[PDB]
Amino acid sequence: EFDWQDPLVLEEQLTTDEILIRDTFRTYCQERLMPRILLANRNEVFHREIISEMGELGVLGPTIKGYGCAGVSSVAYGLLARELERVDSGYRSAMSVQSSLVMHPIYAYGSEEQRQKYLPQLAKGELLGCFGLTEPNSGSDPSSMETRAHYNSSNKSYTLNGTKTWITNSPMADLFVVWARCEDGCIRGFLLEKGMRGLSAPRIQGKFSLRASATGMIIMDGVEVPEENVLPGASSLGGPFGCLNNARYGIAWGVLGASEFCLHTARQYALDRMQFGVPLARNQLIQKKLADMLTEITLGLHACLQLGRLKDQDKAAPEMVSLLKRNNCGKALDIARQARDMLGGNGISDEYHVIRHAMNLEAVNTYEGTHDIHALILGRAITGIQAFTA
């Protein structure tokens, strides 16, 4: 008995579909992504095909019913992310934006005209989208964003002016989901397309985290958005925050895939590498580290499963997601760091991958709410007292 690869038997907790969905995607991730990550990460190269590839597999926007989507469970969504991050966080990051930050909002806040126009193409990966909320001056405080949208009564359009930075996929994006403060204090979502005059999405350089992922800006020089490109179901931060909750859930699951890759690598290395006439795995210090990695991964996995089930029941709450995203991200960051240390000198070579995961999880622990921000959200939901500001 006892399989360190699933010590608490999560396998018998998944339906046959979820399992088939996972292993199918896993064969792809290992066949089509794993062999390209080394150089993709080393030379910051994100192959656009990837999206097309994932789209035609139906892993894009999988919980959406109809519109060309898979219409699967939240758990299945988690399993998918996990398999992707097991390869690289960048990839998963591109897949999470597409699914939870582009399609979801279109589907839930958009009109039927937009749902029809965009959903099918995204689901197929024929349209790479991006989510623009963050601005050079607005990170943890999206309510201070400066991008403004001016309503033009004559043609019922909006003229957006602002700058979104640190936007995943913006550089090679076709569709843009920008959030801007309107002249009445409310904030609505605006669908922008590549080509619109006044719209540039330059790529950010010098990244030492999520390098295989294209990141850039969304500079809007008085871009005019038609009446039909405004998101009908928007009003204040609630809109992007609802999409965030979906994305954070995918991340909570994703980082577990990363932690697992590092455990496996460190464990295997601990077995093959010989020092002092024995494998490193014979040493107590080495064994305790393996014990901690497996311990946390396990705690996170089963917690994520329970959140999957609650999500599909619609009993899932926002602060639940904060708790796991925050937990899993920090815990995964440490696991990657330990594995790096456990491989000694070789650990600092991207050819041993652990370093790539340690660098990647640095960013993941920051976006979608920093570790401390999720501390304050949880803290506020516990005490009933706000402590973000003074």
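For every residue, the number given is its place in the sequence shown, counted from 1.
Stretches 120-128 and 267-275 differ in mean C-alpha B factor, with the higher average recorded for 120-128. Mean CA B-factor, 316-324 versus 282-290: the higher value falls on 316-324. Across 153, 134, 259, 205, the entry's maximum B-factor at the CA atom is seen for 153. For the set 210, 252, 177, 237, the PDB entry puts the maximum C-alpha B factor at 237. Sorting the modelled residues of the chain by their CA temperature factor places residue 50 in the highest third. Placement of the Cα temperature factor of residue 18 within the chain: middle third of the modelled residues, per the deposited record. When all modelled residues of the chain are sorted by CA temperature factor, residue 89 is found within the middle third.
Among the modelled residues of its chain, residue 162 has a C-alpha B-factor that falls in the middle third according to the deposited record. The PDB entry assigns residue 83 a C-alpha temperature factor belonging to the lowest third of its chain's modelled residues.
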